[PDB]
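# Structural overview for review
One-letter residues, chain by chain:
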Amino acid sequence: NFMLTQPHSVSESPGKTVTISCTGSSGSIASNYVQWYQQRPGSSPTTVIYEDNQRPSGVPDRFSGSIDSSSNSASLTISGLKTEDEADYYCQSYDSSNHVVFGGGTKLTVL
């Protein structure tokens, strides 16, 4: 029953850098690839990271993904924060049965 744990909320001011973490529980974060999605209200999720740290074409380079095996976590880091970045973010991976697992989500507020 691999699960992904995310904090509810983060906030930061425009131009600064914010980090959203996603910690593996009942399994290792490194066993399967982590994706990150941006999602606005009533809209489908947008991929901002796949395969732990790959950006889809078009996604600004201020979005970066990483893995910290020592904390069993993955992180989405957003630098040079913009107002348009205010949104929900979900990490996502797979359990030992290759079924999809989502983090609980984080709301980013740009102050």
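Per the PDB record, this model was obtained through X-ray crystallography at a reported resolution of 1.920 Å.

Now for the side chain of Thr 106. Looking at the element boundaries, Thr 106 is found in strand β10 (residues 106-110). By relative accessible area, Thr 106 is classed as buried at 1%. One polar contact links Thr 106 to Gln 6, side chain to side chain, over a distance of 2.9 Å. The residues touching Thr 106, leaving out its near neighbours within four places in the chain, are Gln 6, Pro 7, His 8, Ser 9, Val 10, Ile 20, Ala 87, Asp 88 and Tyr 89.

Before going further, it helps to spend a moment on the pairing of strand β3 (residues 18-25). Burial of β3 is one-sided: the residues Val 18, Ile 20, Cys 22 and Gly 24 facing one way are buried, the residues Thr 19, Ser 21, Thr 23 and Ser 25 facing the other way are not. Note that strand β1 (residues 3-5) and β3 share three bridges and pair antiparallel. Looking at the pairing, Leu 4 lines up with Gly 24 of β3. Looking at chain direction, β3 and strand β7 (residues 73-78) are connected through six bridges and run antiparallel. Pairing of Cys 22 across the sheet is with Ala 74, part of β7.

All right, on to the state of the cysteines then. Evaluated as defined, the whole model comprises one disulfide. Linked covalently through their sulfurs, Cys 22 and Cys 91 form a disulfide whose S-S length is 2.1 Å. Across the S-S bond linking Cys 22 and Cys 91, the dihedral sits near 80 degrees, which makes this disulfide right-handed. A residue pair is termed long-range when its members are at least 10 positions apart, and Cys 22 in strand β3 and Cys 91 in strand β8 (residues 87-94) qualify at 69 residues.

Attention now moves to the sheet that holds β7. With antiparallel pairing, the four strands of this open sheet are ordered in space as β1-β3-β7-β6. The open sheet terminates on both sides in strands that have one partner only, identified here as β1 and β6 (63-68). Recorded for the sheet is a direction-independent mean angle of 20 degrees between the axes of neighbouring strands. Inspection of the sheet shows β6 paired to β7 by six bridges, in the antiparallel sense.

Quick notes on the rules
- Residues numbered from 1 in each chain as written, not as in the entry; some residues may be left out.
- Heavy atoms only, no water.
- Residues with missing side-chain atoms left out of burial classes, pairs and counts.
- Helix = DSSP H or I, 4+ residues; strand = E, 2+ residues; numbered from the N terminus.
- Buried < 20%, exposed > 50% of the residue type's maximum accessible area, 1.4 Å probe, protein only.
- Polar contact = N/O pair within 3.5 Å; in protein donor to acceptor, adjacent residues only side chain to side chain.
- Contact = heavy atoms within 4.5 Å.
- Pairing = 2+ DSSP bridges.
- Disulfide = S-S within 2.5 Å.
- Axes fitted to C-alpha atoms, helices over the stretch in contact; angles between N-to-C directions.

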